[PDB]
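Each remark here refers to the structure printed beneath this line.
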Amino acid sequence: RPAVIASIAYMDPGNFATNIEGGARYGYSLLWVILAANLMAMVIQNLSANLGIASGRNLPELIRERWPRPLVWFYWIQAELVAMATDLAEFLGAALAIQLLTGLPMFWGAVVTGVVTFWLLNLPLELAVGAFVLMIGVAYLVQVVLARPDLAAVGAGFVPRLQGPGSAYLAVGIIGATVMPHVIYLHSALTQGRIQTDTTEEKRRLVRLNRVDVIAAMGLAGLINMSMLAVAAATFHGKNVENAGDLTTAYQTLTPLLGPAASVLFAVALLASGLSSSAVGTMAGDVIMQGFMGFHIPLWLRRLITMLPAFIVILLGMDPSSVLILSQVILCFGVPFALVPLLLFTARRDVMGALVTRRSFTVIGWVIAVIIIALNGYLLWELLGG
Ligand SMILES: CCCCCCCC/C=C\CCCCCCCC(=O)OC[C@H](O)CO
Ligand SMILES: CCCCCCCC/C=C\CCCCCCCC(=O)OC[C@H](O)CO
């Protein structure tokens, strides 16, 4: 189902880095960020899936077929940058997990991950790979209960509070890792077909089934993300630990549960998430290219081009977790440019048919878009001026 692929993409190294760094640096105070981002992601993924089901065309294809040529050029370029950032995050996460597993430097780890992507790109194994991530998520769900978190701080973390200079930055990172624009584009394509009869009855059936699937998947994965942040908080926040929040250290979150094999299991799960999410990211990037332009560059060429930012970042000596969080921030910045056409098209009868979005949900989505735009503007204000 498309919800499985969306949940695979929602469990990427970017999500891992954001959850762990948020926990370690700010305690439970971003649980409300995670919850709100998960709700917005539910709404937006539902809107994109409904767009796909009702119109038969995905969001990039509709943009290309309905909007002026220069606007389509701009949209293709921005979506390509979004895909570059997403694949950078996921590929560098896979490389960092290879490093944690074997001991190789980041360069040769990225080389091994490139060989693995070459081996995979020949082609059902990504859901099996994702099962590792699902199991480490269950491990986190148990570790939350076992770690005995401070329920007072946990409850206080659900009240919306941006406290500190980098709090807005990390909340933007969480929102970008949860509401992924490449997945906003890809979800419409995942439900484009499989419709034997174009009737409104079957379209409504698909809409409801996909709604249930995506809500279940996003709810489970948001429970997992909140659990990861809570364990990271209870593990590194109050205690003064060096390099707290780095994914190299994050294995200590599951030490009281797994024991000596905690680091190996965390490295394996992060590699699994990196590979699966990178496959999903290359799929979404090819869908973006096709929908926006009409033609396609070779898949191996796109893979080799998307490896270039990863290898450049490795050569620059930049920190992997830091650049992952930055990539998720860039994704959050890219979110509104994808939300606007989605809302406009889902509020149109000539596009949706009898499945036009309810005006209440359209207003909710516009409120979400305004919130995200204001948060991105506030982050830009803090990062550039006073
Ligand atoms: C200061 C302004 C903030 C004021 C507060 C505004 C909050 C609105 C934002 C997020 C909640 C929206 C998500 C809650 C609804 C979730 C419904 C859902 O998940 O399903 C959607 C449905 O399937 C569609 O087709
Ligand atoms: C046992 C496996 C089932 C897992 C069930 C899902 C766990 C909760 C999920 C999300 C909330 C995470 C936010 C933290 C909420 C408070 C943490 C908590 O529940 O603590 C338990 C209690 O303190 C102990 O005595």
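For the structure tokens, the naming scheme is as follows: chains receive sequential letters (A, B, ...) according to their order of presentation, residues are indexed from 1 within each chain, and ligands are indexed from 1 in presentation order.
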Which residues are near ligand 2 - at most 8 Å, using only C-alpha atoms and all ligand atoms? Format: as a CSV table (one decimal) with N, CA and C atoms, in the first residue's frame.
```csv
chain,number,residue,atom,x,y,z
A,31,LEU,N,7.7,17.3,21.9
A,31,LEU,CA,6.7,16.3,21.7
A,31,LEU,C,5.5,17.0,21.0
A,138,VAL,N,9.5,-0.6,17.6
A,138,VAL,CA,8.9,-1.4,18.7
A,138,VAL,C,9.8,-1.4,19.9
A,141,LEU,N,9.3,1.8,21.6
A,141,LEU,CA,8.1,1.9,22.2
A,141,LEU,C,8.1,1.2,23.6
A,142,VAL,N,8.9,0.1,23.7
A,142,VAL,CA,9.1,-0.6,25.0
A,142,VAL,C,10.1,0.2,25.9
A,143,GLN,N,11.1,0.7,25.3
A,143,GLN,CA,12.1,1.4,26.1
A,143,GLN,C,11.6,2.7,26.7
A,144,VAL,N,10.6,3.3,26.1
A,144,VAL,CA,9.9,4.5,26.7
A,144,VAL,C,9.3,4.1,28.1
A,145,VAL,N,8.5,3.0,28.1
A,145,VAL,CA,7.9,2.5,29.3
A,145,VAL,C,9.0,2.1,30.3
A,146,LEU,N,10.0,1.4,29.8
A,146,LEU,CA,11.0,0.9,30.8
A,146,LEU,C,11.9,2.0,31.4
A,147,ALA,N,12.2,3.0,30.6
A,147,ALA,CA,13.1,4.1,31.1
A,147,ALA,C,12.5,4.9,32.2
A,148,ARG,N,11.2,4.8,32.5
A,148,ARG,CA,10.6,5.6,33.5
A,148,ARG,C,10.8,7.1,33.3
A,149,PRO,N,10.3,7.7,32.2
A,149,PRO,CA,10.5,9.1,32.0
A,149,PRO,C,9.7,10.0,33.0
A,150,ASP,N,10.1,11.2,33.2
A,150,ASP,CA,9.4,12.2,34.1
A,150,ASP,C,8.1,12.6,33.4
A,151,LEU,N,7.0,12.0,34.0
A,151,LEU,CA,5.7,12.3,33.4
A,151,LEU,C,5.3,13.8,33.4
A,154,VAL,N,7.0,15.2,30.5
A,154,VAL,CA,6.4,14.6,29.3
A,154,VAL,C,5.1,15.4,29.0
A,155,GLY,N,4.3,15.6,30.0
A,155,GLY,CA,3.0,16.3,29.8
A,155,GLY,C,3.3,17.8,29.4
A,222,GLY,N,4.3,8.0,14.3
A,222,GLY,CA,4.4,9.1,15.1
A,222,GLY,C,4.6,8.7,16.6
A,223,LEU,N,3.9,7.6,17.0
A,223,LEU,CA,4.2,7.0,18.3
A,223,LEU,C,5.6,6.6,18.4
A,224,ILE,N,6.2,6.0,17.4
A,224,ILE,CA,7.6,5.6,17.4
A,224,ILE,C,8.5,6.8,17.5
A,226,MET,N,7.7,10.0,18.7
A,226,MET,CA,7.6,10.5,20.1
A,226,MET,C,8.4,9.6,21.1
A,227,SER,N,8.3,8.3,20.9
A,227,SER,CA,9.0,7.4,21.8
A,227,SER,C,10.5,7.6,21.7
A,230,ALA,N,11.5,10.8,23.4
A,230,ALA,CA,11.4,10.6,24.8
A,230,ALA,C,12.5,9.9,25.4
```
Would you name the residues within 7 Å of ligand 1, counting only C-alpha atoms and all ligand atoms, and put them as a PyMOL selection string?
-> chain A and resi 36+39-40+42-43+46-47+211+215+361+364+367-368+371
Excluding same-chain residues fewer than 3 positions from residue 127 in chain A, what lies within 10 Å of it counting only C-alpha atoms, as a ChimeraX atom specification?
-> /A:4-5,8,124,130-134,272,276
Residue 140 in chain A environment, 9 Å, only C-alpha atoms, sequence neighbours closer than 6 positions dropped, as a list in words = residues 224, 225, 227, 228, 231, 253 and 254 of chain A
Contact residues around residue 101 in chain A with only C-alpha atoms at 12 Å, ignoring same-chain residues under 5 positions, as JSON, numbers by chain | {"A": [94, 95, 96, 106, 109, 112, 248, 251, 261, 262, 263, 264, 265, 266, 267, 268, 269, 270, 271, 272]}
File of the preceding selection, C-alpha atoms, as a PDB file, in the first residue's frame:
```pdb
ATOM      1  CA  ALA A  94      23.160   4.882   5.176  1.00  0.00           C
ATOM      2  CA  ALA A  95      26.865   5.765   4.965  1.00  0.00           C
ATOM      3  CA  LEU A  96      27.016   6.742   8.647  1.00  0.00           C
ATOM      4  CA  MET A 106      32.614   8.121   5.847  1.00  0.00           C
ATOM      5  CA  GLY A 109      31.138   3.886   3.786  1.00  0.00           C
ATOM      6  CA  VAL A 112      29.872   0.774  -0.046  1.00  0.00           C
ATOM      7  CA  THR A 248      26.877   7.596  16.670  1.00  0.00           C
ATOM      8  CA  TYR A 251      22.669   3.549  20.448  1.00  0.00           C
ATOM      9  CA  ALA A 261      24.326  -5.556  20.868  1.00  0.00           C
ATOM     10  CA  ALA A 262      22.525  -2.198  21.089  1.00  0.00           C
ATOM     11  CA  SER A 263      25.049  -0.391  18.880  1.00  0.00           C
ATOM     12  CA  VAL A 264      25.097  -3.141  16.241  1.00  0.00           C
ATOM     13  CA  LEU A 265      21.298  -3.309  16.132  1.00  0.00           C
ATOM     14  CA  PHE A 266      20.999   0.482  15.899  1.00  0.00           C
ATOM     15  CA  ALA A 267      23.547   0.615  13.074  1.00  0.00           C
ATOM     16  CA  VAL A 268      21.717  -2.149  11.194  1.00  0.00           C
ATOM     17  CA  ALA A 269      18.341  -0.447  11.648  1.00  0.00           C
ATOM     18  CA  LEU A 270      19.718   2.934  10.561  1.00  0.00           C
ATOM     19  CA  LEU A 271      21.293   1.348   7.477  1.00  0.00           C
ATOM     20  CA  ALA A 272      17.997  -0.369   6.686  1.00  0.00           C
TER      21      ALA A 272
END
```
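Minimum distance to residue 382 in chain A across A:15, A:235, A:362, A:167 (counting only C-alpha atoms) occurs at A:167.
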Close residues, residue 350 in chain A itself excluded, 12 Å, only C-alpha atoms, min 2 positions apart in chain, as number ranges by chain | A: 51, 54-55, 62, 66, 344-348, 352-356
Give me every alpha helix (DSSP H) residue in range 158-304 of chain A, going by DSSP on the backbone, as a PyMOL selection string.
-> chain A and resi 167-178+181-190+200-232+255-258+262-293+299-304
Closest pair table for range 212-294 of chain A residues within 9 Å of range 20-25 of chain A, only C-alpha atoms, as a tab-separated table:
```
residue	atom	partner	partner_atom	distance
A:228	CA	A:20	CA	6.7
A:229	CA	A:23	CA	4.5
A:230	CA	A:23	CA	6.1
A:231	CA	A:23	CA	7.2
A:232	CA	A:23	CA	4.6
A:233	CA	A:23	CA	4.0
A:234	CA	A:23	CA	7.7
A:235	CA	A:24	CA	7.3
A:236	CA	A:24	CA	4.8
A:237	CA	A:24	CA	4.5
A:238	CA	A:24	CA	8.3
A:244	CA	A:24	CA	5.8
A:245	CA	A:21	CA	4.1
A:246	CA	A:21	CA	6.7
A:247	CA	A:20	CA	7.3
A:250	CA	A:20	CA	6.8
A:253	CA	A:20	CA	8.9
```
Skipping near chain neighbours, those fewer than 2 positions away, what residues fall within 6 Å of range 287-293 of chain A using only C-alpha atoms, listed as a ChimeraX atom specification?
-> /A:60-61,64,76,284-285,295-296
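With distances restricted to only C-alpha atoms, A:310 is the closest residue to residue 111 in chain A from A:310, A:74, A:58, A:183.
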Check the smallest atom-to-atom distance from each of A:283, A:172, A:257, A:325 to residue 374 in chain A using only C-alpha atoms, then report the winner.
-> A:172
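The closest residue to residue 282 in chain A, picked from A:182, A:239, A:349, A:205 and counting only C-alpha atoms, is A:182.
Across A:320, A:294, A:259, A:14, the tightest approach to residue 65 in chain A is made by A:294 when counting only C-alpha atoms.
Taking CA of residue 71 in chain A as the reference point, CA of residue 303 in chain A is found at 26.1 Å.
Shortest separation to residue 34 in chain A among A:18, A:116, A:63, A:312 occurs at residue A:18, atoms counted being only C-alpha atoms.
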